[PDB]
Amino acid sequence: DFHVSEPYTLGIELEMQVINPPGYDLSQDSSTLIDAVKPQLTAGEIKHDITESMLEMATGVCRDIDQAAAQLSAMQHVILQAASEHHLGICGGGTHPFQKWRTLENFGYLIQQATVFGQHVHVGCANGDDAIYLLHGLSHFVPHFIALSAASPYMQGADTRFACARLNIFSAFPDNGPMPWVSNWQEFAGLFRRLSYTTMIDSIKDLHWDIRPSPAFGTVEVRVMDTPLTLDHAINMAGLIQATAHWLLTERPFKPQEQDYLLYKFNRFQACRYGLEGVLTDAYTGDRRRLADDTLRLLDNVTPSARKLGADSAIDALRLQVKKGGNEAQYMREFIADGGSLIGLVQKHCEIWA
């Protein structure tokens, strides 16, 4: 079932907040911005989501982060243009810091909390058995990815004490968290066949896993990241995932087993609550490594791969971020301790995107 990709190919989706410049709440009509924009587009796709306070931008299939980065700018330039003209703003962030409130029948008040904004990264694979191996490998660094990209400390007017609270709002859905264990593509096809016997699942797109394979695009999509405040930070996470994927498939450093996932949810929570401060627990021995120490280990491990792919810039910047500093949620909170308001925080994010 698996479309064949040039291995290590890259694709980025970004879910973008649309703002309203007086009071800076979430906009009501982004289908007027999106319809203004499409005409003037050269590279990429801009898509309509459901609540009309979101603007998805996506690259095409990219051969490295330079191509990705410049497709992102070609969309940004056009977006920021038509935004001025409709007196609107655009920013990232995993949540909007203060906005309050047929898929409605199925899920009720679960889809009536914060509307929520993520970055997805696609990586190309040769055959699909590789895709499953890669998925398992990338699942070991889901905490790392989350903590490098956390950008959602504020929900519904208040500090949640989480670096990433965005992911919490998906947790009562039956399909949340890690993909159930399969060992190869034959078994994955078996899993999807059985899951789809339910009323709730008709397609691959209906399964909101942390990491899921796309048969159609020939990829593995990692979906845990909050939409970041800036294009550089998005590109840096894309490079890390590309580079990590290359390390895994090339050097094959793991022999993945079902018992690896045992503490998946405990480690994933640690990265959401705290950040790079979160504590990782090994399933088998119980040895615990601080998240920050362990992402330095990861950035070291994937440096050779990043050089071959043209993504050394990205893991150079991430190493800076970890060694002295933190995620974009940490810095949102320093802004507030300087007597800033939440109305002014969102405004500074609209500007920072540029």
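Throughout, we count residues from 1 along the sequence that is shown.
Would you class the number of unmodelled deposited residues between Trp101 and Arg102 as none, 1 to 3, 4 to 9, or 10 or more? Gap between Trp101 and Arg102: 10 or more unmodelled residues.
Look up the CA B-factors in the entry and say which stretch, 6 to 14 or 332 to 340, has the higher mean. Per the PDB record, 332 to 340.
Could you settle it for me: does 29 to 37 or 281 to 289 have the higher average Cα B factor in the PDB entry? According to the entry, 29 to 37 carries the higher average C-alpha B-factor.
Selection from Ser84, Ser183, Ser196, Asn168 [criterion: highest C-alpha temperature factor in the record]: Answer for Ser84, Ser183, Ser196, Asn168: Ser84, with the highest C-alpha B-factor.
Third of chain Cα B-factors occupied by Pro253: For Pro253, the deposited C-alpha B-factor lands in the middle third.
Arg212 - which third its CA temperature factor falls in, relative to the rest of the chain: Lowest third, going by the recorded CA B-factors of the chain.
Which third of the chain holds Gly60 when residues are ordered by C-alpha B factor: lowest, middle or highest? Tercile = lowest for this residue's CA B-factor.
Based on the deposited C-alpha B factors for this chain, I'd like to know if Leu299 is in the lowest, middle or highest third. Within its chain, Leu299 is a middle-third residue by C-alpha B-factor, going by the deposited values.
Thinking about Cα B factors across the chain, which third does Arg273 belong to? Middle third - that is where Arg273 ends up once the chain's C-alpha B-factors are sorted.
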